[PDB]
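Colleague: There's a structure below that I have some questions on.
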Amino acid sequence: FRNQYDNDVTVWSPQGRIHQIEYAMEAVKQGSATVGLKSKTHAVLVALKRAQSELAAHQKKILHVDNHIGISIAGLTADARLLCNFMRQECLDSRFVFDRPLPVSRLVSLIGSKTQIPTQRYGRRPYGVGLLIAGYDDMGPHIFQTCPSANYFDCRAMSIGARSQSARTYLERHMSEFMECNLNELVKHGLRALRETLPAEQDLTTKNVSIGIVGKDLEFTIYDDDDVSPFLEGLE
Amino acid sequence: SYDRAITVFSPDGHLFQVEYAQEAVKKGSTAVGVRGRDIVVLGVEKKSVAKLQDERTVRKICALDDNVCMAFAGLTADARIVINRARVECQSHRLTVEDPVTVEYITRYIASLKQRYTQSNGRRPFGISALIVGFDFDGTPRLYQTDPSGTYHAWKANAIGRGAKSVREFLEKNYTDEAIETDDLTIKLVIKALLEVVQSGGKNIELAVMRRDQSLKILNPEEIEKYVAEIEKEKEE
Amino acid sequence: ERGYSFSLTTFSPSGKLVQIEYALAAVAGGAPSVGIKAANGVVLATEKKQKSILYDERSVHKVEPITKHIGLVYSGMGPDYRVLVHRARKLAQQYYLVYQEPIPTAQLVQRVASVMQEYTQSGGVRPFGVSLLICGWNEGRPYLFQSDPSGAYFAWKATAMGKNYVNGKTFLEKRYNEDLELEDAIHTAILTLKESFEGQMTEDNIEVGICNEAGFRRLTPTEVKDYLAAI
Amino acid sequence: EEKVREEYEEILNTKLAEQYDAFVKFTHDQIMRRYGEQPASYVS
Amino acid sequence: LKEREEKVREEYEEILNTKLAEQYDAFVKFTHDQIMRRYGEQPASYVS
Amino acid sequence: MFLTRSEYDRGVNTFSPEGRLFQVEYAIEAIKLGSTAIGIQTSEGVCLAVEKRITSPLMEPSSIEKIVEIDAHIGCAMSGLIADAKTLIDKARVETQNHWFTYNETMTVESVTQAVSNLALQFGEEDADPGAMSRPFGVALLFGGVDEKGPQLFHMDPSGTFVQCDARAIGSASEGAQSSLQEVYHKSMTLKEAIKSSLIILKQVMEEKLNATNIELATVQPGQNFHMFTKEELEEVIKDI
Amino acid sequence: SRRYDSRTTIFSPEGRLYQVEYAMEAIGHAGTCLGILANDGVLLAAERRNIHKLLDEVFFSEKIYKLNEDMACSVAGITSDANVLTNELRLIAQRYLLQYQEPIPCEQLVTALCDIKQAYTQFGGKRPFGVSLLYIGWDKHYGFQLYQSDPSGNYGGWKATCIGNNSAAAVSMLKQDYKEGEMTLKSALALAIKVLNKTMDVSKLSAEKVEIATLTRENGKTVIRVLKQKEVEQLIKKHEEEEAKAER
Amino acid sequence: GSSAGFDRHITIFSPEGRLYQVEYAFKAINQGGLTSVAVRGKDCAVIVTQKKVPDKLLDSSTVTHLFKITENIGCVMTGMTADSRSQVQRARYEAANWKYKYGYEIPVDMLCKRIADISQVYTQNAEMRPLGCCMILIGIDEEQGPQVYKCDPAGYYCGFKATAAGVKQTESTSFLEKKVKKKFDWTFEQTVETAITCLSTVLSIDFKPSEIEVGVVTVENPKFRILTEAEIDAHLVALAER
Amino acid sequence: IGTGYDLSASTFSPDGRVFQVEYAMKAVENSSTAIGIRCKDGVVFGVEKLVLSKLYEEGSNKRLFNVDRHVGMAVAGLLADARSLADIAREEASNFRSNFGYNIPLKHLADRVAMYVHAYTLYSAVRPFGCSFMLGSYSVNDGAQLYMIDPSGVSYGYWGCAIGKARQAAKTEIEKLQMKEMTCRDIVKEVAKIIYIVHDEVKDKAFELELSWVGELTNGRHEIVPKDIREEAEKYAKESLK
Ligand SMILES: [K+]
């Protein structure tokens, strides 16, 4: 009858592909742009908060996960919150059992397994959300990207969401500088990458940008409308 | 256990299974309920007039409690199930809260049960619409209905089943402050509402009445015939 | 891992469970099986036409004892017969443990029919493709039953099931009466099998079981040879 | 190479879906004709 | 290399014809069995 | 295999090629069939208004409640399939009272909206327990109330996205009411002006004529609790229009 | 798997349950079973469809099932579902007896079995019980009773009804000929034989093709007795005499 | 070969009473490309299978179809390899549990019946497919002597004087039938002779010792033994000289 | 070939092919090739791990896992399923050590994980894993072992194997080796050579070679190849590629 390869997550296309995974990837691609970076001492997430209407406050996109780690969501927000709750629970469990912060890579591995589980069962659906995970642990600043395919990447900078390719191009051309940047110019690079996504008729304002930074001696802190101004001044 | 999603949203936002349950209700026997000053009256059409039947066993007006009673349109067996759960819930509320259930409470319970079947895995919605009548503890008469979708509203007078629209229009045109002045006027209003859709008078009408501090009373065929005769004289003039 | 929870057998618009009809078609396509209720016993006979000499005839049996006084034979799919034989043995043992009396044959037939009904309505399963002939002696009276794939059991004095079962039933109808002894019943069952048997029928290509006051027992090939020579 | 096969398979699937929809609607028409004449006893 | 494409088109046409024929056979058997009762047909052994 | 209809060829948790859950989009379409609701968050309160949509005069408007009380400091205006809104309202009430029981403090409006929004996509098939929901809630809710942060207004759709709105309109007439609220909203407008503006918009979008029995209006001020206006209290503002 | 699901417990676009309707067609093709309520008894008369002379008929009856001390039932439809339903009926009657130490009222047993059938047409995906039953009983509340049941879980108290093949004609004849509150056991038996004559048109109504059981009250004990072959023969012969006398 | 409904997709009856999924499982047995031959004698049972090494990079020690169920029962598996390994694991478990529960070693017919019952469960339920593999068990019964048993996806099991399963089971069955009809009192040597001869005359190969596997049980030595290259080469030389 | 019988692993095609497993194999042959070669004193793995974007860190999406203190694992196909199977293998080895009190033989770990992946080739409620993987271990008392498991669930020992897009070319160039007589220090060099030969620099632009051996050189511990040895191996591979 119908395309018979698209509805179920447990049905392989004759091309060796699962179309539900790709549709969840599209769900991520339809979300608003997020871009993250990392120096040798900091890992910054800056997100382009999108507004439903001119009278609606923009969606929160950076979410706290632990004392030392944070995420930037892009996709289905309910899936994002469920996965964020799982991350928070794992971090709290690690602090309870071992009295140490949970390493970022192991947390991302847990996320990968948890999101792979629905990839293989009937009735289940992939987590239609992509997460930019920036955290700081003993192994220096970390930034991670997780896809609905349950495949996660150890990045040096990444942008996911709508019109992400321009931000990725900017990040690629300016990768060589990020390591030696300080926090201010690192978040300036992030803001430039995020601006590369925006159309010609809009520019960054304190309303539609949020910044989350985690570093060597820095609590993970989400910077909001008023607090974004010191990072915003000096771009163009 | 069976866990298929029977009721799912269709394009344009319609729940087809709920609409189909409503269609099943539309094919049920006409049931009319009117709220008076000191009496509440329920009336049902009997297409099953067949004379080899025990009238007691196909009653469509059931007493949920000493002060609440209901009449239904749609599937009979689903109505039996909902009535039984409503009686159980009435008695449970009377144990836990010490007082008799208000009409709106059991109406909310029945509506919640229907809505839960509208949204839970592996069961179809109840194909019944109800007319929950009764008196509150403070002596205020009440009348509610519960559609298969689970929405419950309060009505001064309503009709469910086939000819609901016709009887609803008749009640809109014939429900005034004077038409419910006395008990007999309410009885005659409900009978007149049914006569707009029933094939023949009297023999195809089941009519139960509830008044203050008295249980439900099933009006016998002789009383229905004498009332219908009274409407006949009233219509002659 | 979790199985389907919906009935594979459902009512057709004609108002009929087509899966039971197809199970009965599988039954009608199997090896013929006949059963004859004598005045002092009942005989259960079926053909064992193996499709090569390589098969060991003594390895598997189609007439399986259930208790010391109940046996059964089938006509349909062998594996389903094995499953129902195991279940019937379990039910007989449960009855014996409860009541300390050998299970009445009618009760065992009822329980097997209940199992068949379960598989007619339960979720994610197909009806059994076997009709059974359950034989038993109890209460000083022989018994003979037939349980179709749907789980409906019929008391029979003589019946044939499988290929050419209508012609075999006509044969039995013409040549069965009340006063038959067990030996006459065995002879008549062998003739009924012969009526549809293709080729020479021998000791190893038919399996005959009887039950009487002494209880149920399969006839050994030598006894089947003696009965066959009588024709 | 493989794209031609994929397109042919998609065309075959679309045609089979059309024919199957025709069969389904035909069976539905017969069933509605059959069971519409008499009223359902259970609904009352 | 277009010869392989034409051969694939021919094979797809043959497969479509075979599938349509098989589907029609399935449909006619469905109609004969599940629907279209016969007046002279007494019910099977399980209806009583 | 015939007579099977394409109503159930897809599962509930299936994605569209554009990456949108089919059931969520269908629930959003169902929202566009509900009664129009309007909410405005001013600095001295939050007002919520909704048309009753009385089908027939025999129906008593007092029974058809499309605005409810989560607690003394939170309200909720509902549009769509009001039958589905009751489960979410009960969950919100339970969460508020649990928060008071555990912490001895009023639960933040944002936290309540988040708690209710987590239920939105908690639906599925055999993968979950027997009590699991089968379909998304066909309700959009307008949570409004006062808390430590001041007057707050929120909007939750079946997708589970909850967003803070200065002025949001949901229901059948969402687009026109939203454009009008764009035209009328100022960050420093008073609660009386908010109430009058909301009733004006409702009159503009309602098919029925605006009167004291075919709308419901409620306010949540930083002082007094959740308050439902009545006759002799809604005429006093209807007359001005 | 949704692909293979038959969707038994769903609604039709026109608001009807196809599975229940199909089971009802199956029952309508099944054996005729009619019951008549009399002043001093109630009887069940059931056509036997398996008449082949190689049958043994060992049991008490083939259609009439004794449900408890004071009640009995017949079946039209699928025999195996009938067996599971009659076992469940016996369980329910004995559960009331255990709980209350008194016989179960007939309508309660009918209601319980009908509730089970409703459960099977409400949830679970299982096909309904394609069995319509025909109950006869007695209790200290409503005296002699006759009850019908449907696969959908519907039931009705009847004073004369027929389920099975040629049920409509039998119902029409019963409507024409049943005398309200004035029908004795012998009158009901004669009416049953007369109705079965015009229902089993092809089979000519021999006494080997019908199973009649009467429920009467004797000395405070209910007796459910299947009519013997001799007295069913007498009933048939009397009806033949009456038919011949009609020509006079 | 009529078809209506999903009878070709799930294990439900075709209008003629046929379960098409079982026959497709038999086709899956054929899909392996190999054939196996078993034959029993006066005091021995021999299973000979076709050992193909498609690539020289495989460790030939790890490409086998003869599996040791218990210390006394052997097994040759024909069909899908993963399914065959599942079935051999299940047979090992059932045999061990039989020993634990009943205190004596499982008879070959009993193990074959347990595996056949599991296969029947596969061909009764609708959510799992049947295993596309066939099992031929051999062993020595204490009373009945050598045993050769086979279980197929349908759930059928039977004991055989000599049987075969695989891509060329029909030709091998005909050859073994022609040899059986003679009844010339098979010995161990004659049993391995007839097994290898059947496999070679049906496949037309004239195997070197490394292209086949031989597993034997004997009344004198009830231990299951997988013949090495030396023994198989000796038997093949015995074939050549004749 | 399909469109009616390729919807579930619980369905057999008319010719006995489970098309879903074949589609999983189709998925795994569209991934970068991972090769492993077994020598006298261990096994050396190699991966042509493609870098999809240069924004990733060196070492992102590793395809050479470490499932136990003495067992490595090379993967091809979907990486999510590869990681899930890596965790399954880790859990199996952990449970083996907990119960039986010693390290799991790779001949048993391969069998356990292969049966786990075979369990997903039977039911419509699950889908077959889209990843074929290799396992390699060396213990003094059992020698070097190399096994492959594919989506079907078949386990075979290999003297050298390749999984991915360039399986055929990699195997063709591996056969030219004489790994049975070579040592790990040379096998790593040859693995780099093979990976660089089979890689195409025109379709997939860039890749980083990920190597790891387990063997006598490492006391049985499976370790990523030291940085200097990787540099020397890449230098040899580039010079040979000329
Ligand atoms: K199956």
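Residue names in the structure tokens use chain letters A, B, ... in the order shown, residue numbers from 1 in each chain, and ligand numbers from 1 in the order shown.
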What residues in chain I have any atom no more than 10 Å from chain G when counting only C-alpha atoms, and can you write them as an MDAnalysis selection string?
Modeller: chainID I and resid 7:8 124:125
Colleague: Excluding residue 31 in chain D and its own-chain neighbours fewer than 3 positions away, which residues fall within 10 Å of it when counting only C-alpha atoms? Please give them as a list in words.
Modeller: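 Final neighbour list, sorted by chain and number: residues 13 and 14 of chain C; 25, 26, 27, 28, 34, 35 and 36 of chain D; 35 of chain E; 3 of chain F; 18 of chain G.
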Colleague: For range 204-208 of chain I, find every residue with an atom within 6 Å (counting only C-alpha atoms), except residues of its own chain fewer than 3 positions away, and show them as a CSV table (one decimal) with N, CA, C and O atoms, in the first residue's frame.
Modeller:
chain,number,residue,atom,x,y,z
I,48,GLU,N,39.1,2.9,8.4
I,48,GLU,CA,39.2,4.1,7.6
I,48,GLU,C,38.1,5.1,8.1
I,48,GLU,O,37.2,5.5,7.3
I,49,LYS,N,38.2,5.5,9.3
I,49,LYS,CA,37.2,6.4,9.9
I,49,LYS,C,37.1,7.7,9.2
I,49,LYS,O,38.0,8.6,9.3
I,50,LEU,N,36.0,7.9,8.4
I,50,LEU,CA,35.8,9.1,7.6
I,50,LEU,C,35.5,10.3,8.6
I,50,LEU,O,34.8,10.1,9.6
I,51,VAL,N,36.0,11.5,8.3
I,51,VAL,CA,35.6,12.7,9.0
I,51,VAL,C,34.6,13.4,8.2
I,51,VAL,O,35.0,14.0,7.1
I,201,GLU,N,40.0,8.6,-2.5
I,201,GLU,CA,40.2,10.0,-2.1
I,201,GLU,C,39.3,11.0,-2.9
I,201,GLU,O,39.4,12.2,-2.7
Colleague: Output as a Markdown table one row per residue of chain C within 10 Å of ligand 1: the closest atom pair and its distance in Å to one decimal place, counting only C-alpha atoms and all ligand atoms, sorted by chain and residue number ascending.
Modeller:
| residue | atom | partner | partner_atom_place_in_ligand_line | distance |
| --- | --- | --- | --- | --- |
| C:124 | CA | ligand 1 | 1 (K) | 9.3 |
| C:125 | CA | ligand 1 | 1 (K) | 8.8 |
| C:126 | CA | ligand 1 | 1 (K) | 9.4 |
Colleague: Pick out the residues sitting within 9 Å of range 33-45 of chain F, and hand them over as a ChimeraX atom specification; count only C-alpha atoms, and ignore anything fewer than 4 positions along from it in its own chain.
Modeller: /B:12-13 /F:29,49-53,66,77-82,139,142-146,150-154,165-174,177-178,181,185-191,194-195,198-199,201-202,205-206,219-223
Colleague: Take the residues from that selection and write them out as a compact mmCIF listing (two decimals), in the first residue's frame, keeping C-alpha atoms.
Modeller:
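Printed below is part.txt as written:
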# COMPACT_ATOMS: atom_id res chain seq x y z
CA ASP B 12 -8.44 18.31 10.23
CA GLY B 13 -8.28 17.35 13.90
CA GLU F 29 -5.62 21.40 13.78
CA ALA F 49 -11.41 35.63 28.41
CA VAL F 50 -13.15 32.94 26.36
CA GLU F 51 -16.38 32.65 24.40
CA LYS F 52 -18.88 30.16 25.78
CA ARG F 53 -20.20 29.20 22.32
CA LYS F 66 -13.80 26.97 29.77
CA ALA F 77 -8.14 29.20 29.78
CA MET F 78 -8.74 26.16 27.57
CA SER F 79 -9.49 25.84 23.86
CA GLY F 80 -10.09 22.74 21.78
CA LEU F 81 -11.48 19.45 23.07
CA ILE F 82 -12.48 20.54 26.57
CA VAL F 139 -6.21 21.30 24.06
CA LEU F 142 -3.42 29.61 28.65
CA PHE F 143 -1.93 29.45 32.14
CA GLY F 144 -2.02 32.83 33.87
CA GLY F 145 -1.27 33.91 37.39
CA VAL F 146 0.94 35.85 39.79
CA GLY F 150 4.99 38.97 39.08
CA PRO F 151 2.08 38.46 36.70
CA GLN F 152 2.78 35.64 34.25
CA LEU F 153 1.01 34.28 31.20
CA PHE F 154 1.88 31.03 29.44
CA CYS F 165 3.29 35.36 26.23
CA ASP F 166 2.53 38.99 26.99
CA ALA F 167 -0.78 38.55 25.15
CA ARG F 168 -1.87 35.34 23.46
CA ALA F 169 -5.07 34.34 21.69
CA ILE F 170 -5.94 30.71 21.02
CA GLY F 171 -8.87 28.96 19.37
CA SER F 172 -10.76 29.27 16.12
CA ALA F 173 -10.10 33.02 15.76
CA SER F 174 -6.47 32.91 16.90
CA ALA F 177 -7.36 38.13 17.66
CA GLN F 178 -3.56 37.88 17.72
CA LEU F 181 -3.66 42.16 20.30
CA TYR F 185 -0.78 45.79 23.49
CA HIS F 186 1.58 48.09 25.37
CA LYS F 187 4.00 46.93 28.05
CA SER F 188 2.53 49.53 30.44
CA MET F 189 -1.21 49.03 29.99
CA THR F 190 -3.47 48.67 33.01
CA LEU F 191 -5.69 45.76 33.97
CA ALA F 194 -6.57 44.90 29.35
CA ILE F 195 -10.06 43.68 30.26
CA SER F 198 -9.89 41.60 25.51
CA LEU F 199 -13.67 42.00 25.47
CA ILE F 201 -11.38 41.58 20.61
CA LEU F 202 -13.83 38.86 21.61
CA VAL F 205 -14.14 37.61 16.66
CA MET F 206 -17.28 36.06 18.19
CA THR F 219 -8.34 38.01 36.54
CA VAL F 220 -5.34 37.11 38.68
CA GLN F 221 -4.00 40.19 40.45
CA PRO F 222 -0.87 40.43 42.63
CA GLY F 223 -3.25 41.10 45.52
Colleague: Pull the closest atom pair for each residue of chain H that gets at most 9 Å from chain I, along with the distance in Å to one decimal, counting only C-alpha atoms, ordering rows by chain and then ascending residue number, as JSON lines.
Modeller:
{"residue": "H:8", "atom": "CA", "partner": "I:14", "partner_atom": "CA", "distance": 8.0}
{"residue": "H:9", "atom": "CA", "partner": "I:11", "partner_atom": "CA", "distance": 5.7}
{"residue": "H:10", "atom": "CA", "partner": "I:11", "partner_atom": "CA", "distance": 6.6}
{"residue": "H:20", "atom": "CA", "partner": "I:14", "partner_atom": "CA", "distance": 8.0}
{"residue": "H:21", "atom": "CA", "partner": "I:12", "partner_atom": "CA", "distance": 6.1}
{"residue": "H:22", "atom": "CA", "partner": "I:12", "partner_atom": "CA", "distance": 8.6}
{"residue": "H:23", "atom": "CA", "partner": "I:14", "partner_atom": "CA", "distance": 8.1}
{"residue": "H:24", "atom": "CA", "partner": "I:16", "partner_atom": "CA", "distance": 4.6}
{"residue": "H:25", "atom": "CA", "partner": "I:16", "partner_atom": "CA", "distance": 5.5}
{"residue": "H:26", "atom": "CA", "partner": "I:16", "partner_atom": "CA", "distance": 7.1}
{"residue": "H:27", "atom": "CA", "partner": "I:16", "partner_atom": "CA", "distance": 4.7}
{"residue": "H:28", "atom": "CA", "partner": "I:16", "partner_atom": "CA", "distance": 3.9}
{"residue": "H:29", "atom": "CA", "partner": "I:16", "partner_atom": "CA", "distance": 7.6}
{"residue": "H:30", "atom": "CA", "partner": "I:16", "partner_atom": "CA", "distance": 8.0}
{"residue": "H:31", "atom": "CA", "partner": "I:16", "partner_atom": "CA", "distance": 6.8}
{"residue": "H:56", "atom": "CA", "partner": "I:175", "partner_atom": "CA", "distance": 7.6}
{"residue": "H:57", "atom": "CA", "partner": "I:159", "partner_atom": "CA", "distance": 5.2}
{"residue": "H:58", "atom": "CA", "partner": "I:158", "partner_atom": "CA", "distance": 4.3}
{"residue": "H:59", "atom": "CA", "partner": "I:158", "partner_atom": "CA", "distance": 4.9}
{"residue": "H:60", "atom": "CA", "partner": "I:157", "partner_atom": "CA", "distance": 7.6}
{"residue": "H:61", "atom": "CA", "partner": "I:157", "partner_atom": "CA", "distance": 7.7}
{"residue": "H:62", "atom": "CA", "partner": "I:157", "partner_atom": "CA", "distance": 5.3}
{"residue": "H:63", "atom": "CA", "partner": "I:156", "partner_atom": "CA", "distance": 6.2}
{"residue": "H:80", "atom": "CA", "partner": "I:152", "partner_atom": "CA", "distance": 8.8}
{"residue": "H:81", "atom": "CA", "partner": "I:154", "partner_atom": "CA", "distance": 6.0}
{"residue": "H:82", "atom": "CA", "partner": "I:154", "partner_atom": "CA", "distance": 5.0}
{"residue": "H:83", "atom": "CA", "partner": "I:118", "partner_atom": "CA", "distance": 7.5}
{"residue": "H:85", "atom": "CA", "partner": "I:115", "partner_atom": "CA", "distance": 7.8}
{"residue": "H:86", "atom": "CA", "partner": "I:115", "partner_atom": "CA", "distance": 6.7}
{"residue": "H:126", "atom": "CA", "partner": "I:10", "partner_atom": "CA", "distance": 8.3}
{"residue": "H:127", "atom": "CA", "partner": "I:123", "partner_atom": "CA", "distance": 5.9}
{"residue": "H:128", "atom": "CA", "partner": "I:123", "partner_atom": "CA", "distance": 4.7}
{"residue": "H:129", "atom": "CA", "partner": "I:10", "partner_atom": "CA", "distance": 4.5}
{"residue": "H:130", "atom": "CA", "partner": "I:122", "partner_atom": "CA", "distance": 8.0}
{"residue": "H:131", "atom": "CA", "partner": "I:122", "partner_atom": "CA", "distance": 8.2}
{"residue": "H:132", "atom": "CA", "partner": "I:16", "partner_atom": "CA", "distance": 7.6}
Colleague: Contacts from chain C to chain H, 9 Å maximum, only C-alpha atoms: show me the residue list as an NGL selection string.
Modeller: :C and (1-4 or 8 or 18-29 or 52-60 or 78-80 or 82-83 or 123-129)
Colleague: Store the residues picked out above, limited to N, CA and C atoms, as a short mmCIF file (atom, residue, chain, number, x, y, z; two decimals), in the first residue's frame.
Modeller:
data_model
loop_
_atom_site.label_atom_id
_atom_site.label_comp_id
_atom_site.auth_asym_id
_atom_site.auth_seq_id
_atom_site.Cartn_x
_atom_site.Cartn_y
_atom_site.Cartn_z
N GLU C 1 9.60 -9.47 21.62
CA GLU C 1 9.28 -10.71 22.32
C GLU C 1 7.78 -10.85 22.55
N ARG C 2 7.13 -9.74 22.92
CA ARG C 2 5.70 -9.78 23.20
C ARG C 2 4.92 -10.14 21.95
N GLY C 3 3.99 -11.07 22.09
CA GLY C 3 3.21 -11.53 20.96
C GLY C 3 2.06 -10.61 20.62
N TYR C 4 1.44 -10.90 19.48
CA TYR C 4 0.27 -10.15 19.06
C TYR C 4 -0.88 -10.42 20.03
N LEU C 8 -6.43 -13.48 15.16
CA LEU C 8 -6.24 -13.76 13.75
C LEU C 8 -7.49 -14.38 13.13
N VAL C 18 -13.49 -17.97 8.80
CA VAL C 18 -12.84 -18.61 7.66
C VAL C 18 -11.60 -19.38 8.09
N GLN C 19 -10.95 -18.95 9.18
CA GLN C 19 -9.76 -19.66 9.63
C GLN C 19 -10.09 -21.08 10.08
N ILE C 20 -11.24 -21.26 10.74
CA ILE C 20 -11.65 -22.61 11.10
C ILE C 20 -11.98 -23.42 9.86
N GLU C 21 -12.56 -22.79 8.84
CA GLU C 21 -12.82 -23.50 7.60
C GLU C 21 -11.52 -23.96 6.95
N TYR C 22 -10.50 -23.11 6.97
CA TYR C 22 -9.23 -23.48 6.36
C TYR C 22 -8.51 -24.54 7.19
N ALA C 23 -8.66 -24.49 8.51
CA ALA C 23 -8.15 -25.57 9.35
C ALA C 23 -8.86 -26.88 9.04
N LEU C 24 -10.17 -26.83 8.83
CA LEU C 24 -10.91 -28.02 8.44
C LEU C 24 -10.50 -28.49 7.05
N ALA C 25 -10.09 -27.57 6.18
CA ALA C 25 -9.56 -27.96 4.88
C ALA C 25 -8.24 -28.69 5.02
N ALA C 26 -7.38 -28.21 5.92
CA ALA C 26 -6.14 -28.92 6.22
C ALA C 26 -6.43 -30.29 6.82
N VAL C 27 -7.47 -30.38 7.65
CA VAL C 27 -7.88 -31.66 8.21
C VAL C 27 -8.33 -32.61 7.11
N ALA C 28 -9.14 -32.10 6.18
CA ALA C 28 -9.65 -32.92 5.08
C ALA C 28 -8.57 -33.30 4.08
N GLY C 29 -7.42 -32.66 4.12
CA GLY C 29 -6.31 -33.00 3.25
C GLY C 29 -5.30 -33.93 3.85
N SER C 52 8.82 -42.58 1.97
CA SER C 52 9.98 -43.36 1.55
C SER C 52 10.22 -44.46 2.58
N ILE C 53 10.96 -45.49 2.15
CA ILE C 53 11.37 -46.56 3.05
C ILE C 53 12.35 -46.07 4.10
N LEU C 54 12.90 -44.87 3.92
CA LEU C 54 13.90 -44.34 4.83
C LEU C 54 13.31 -44.02 6.20
N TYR C 55 12.06 -43.58 6.25
CA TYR C 55 11.42 -43.27 7.51
C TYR C 55 11.28 -44.52 8.37
N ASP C 56 11.61 -44.40 9.65
CA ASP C 56 11.43 -45.49 10.59
C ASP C 56 10.01 -45.44 11.13
N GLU C 57 9.21 -46.46 10.80
CA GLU C 57 7.79 -46.43 11.14
C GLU C 57 7.58 -46.46 12.65
N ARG C 58 8.47 -47.12 13.39
CA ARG C 58 8.33 -47.20 14.84
C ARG C 58 8.78 -45.94 15.56
N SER C 59 9.36 -44.98 14.84
CA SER C 59 9.86 -43.77 15.49
C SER C 59 8.72 -42.90 16.00
N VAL C 60 7.72 -42.65 15.15
CA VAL C 60 6.60 -41.79 15.51
C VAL C 60 5.31 -42.58 15.35
N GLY C 78 0.58 -33.03 11.90
CA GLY C 78 1.15 -33.83 12.96
C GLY C 78 1.65 -33.06 14.17
N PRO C 79 2.41 -31.98 13.95
CA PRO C 79 2.89 -31.20 15.10
C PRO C 79 1.78 -30.68 16.00
N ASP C 80 0.68 -30.22 15.41
CA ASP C 80 -0.45 -29.78 16.22
C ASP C 80 -1.05 -30.94 16.98
N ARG C 82 0.71 -33.45 18.13
CA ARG C 82 1.62 -33.67 19.24
C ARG C 82 1.34 -32.69 20.37
N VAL C 83 1.13 -31.42 20.02
CA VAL C 83 0.84 -30.41 21.04
C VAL C 83 -0.44 -30.76 21.78
N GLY C 123 -5.10 -14.27 21.11
CA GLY C 123 -4.40 -13.34 20.25
C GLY C 123 -3.16 -13.92 19.60
N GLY C 124 -2.94 -13.53 18.35
CA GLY C 124 -1.73 -13.87 17.64
C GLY C 124 -1.52 -15.34 17.37
N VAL C 125 -2.59 -16.14 17.36
CA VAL C 125 -2.48 -17.58 17.14
C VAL C 125 -3.47 -18.01 16.07
N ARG C 126 -3.15 -19.10 15.40
CA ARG C 126 -3.99 -19.70 14.39
C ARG C 126 -4.64 -20.96 14.93
N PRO C 127 -5.82 -21.32 14.44
CA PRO C 127 -6.49 -22.53 14.95
C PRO C 127 -5.67 -23.77 14.65
N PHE C 128 -5.84 -24.79 15.49
CA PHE C 128 -5.19 -26.07 15.24
C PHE C 128 -5.69 -26.67 13.93
N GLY C 129 -4.80 -27.36 13.23
CA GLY C 129 -5.15 -27.95 11.96
C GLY C 129 -5.39 -29.44 12.06
#
Colleague: Please find the residues of chain H near chain F - the criterion being any atom within 10 Å, counting only C-alpha atoms - and write them as a PyMOL selection string.
Modeller: chain H and resi 4-7
Colleague: Using only C-alpha atoms, can you tell me which of B:30, B:150, B:11, B:94 comes closest to residue 6 in chain F?
Modeller: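 Using only C-alpha atoms, residue 6 in chain F sits closest to B:11.
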Colleague: Output the contact residues of chain G with respect to chain E at a cut-off of 12 Å, based on only C-alpha atoms, as a ChimeraX atom specification.
Modeller: /G:22-33,46-51,62-64,74-83,130-133,163-165,202
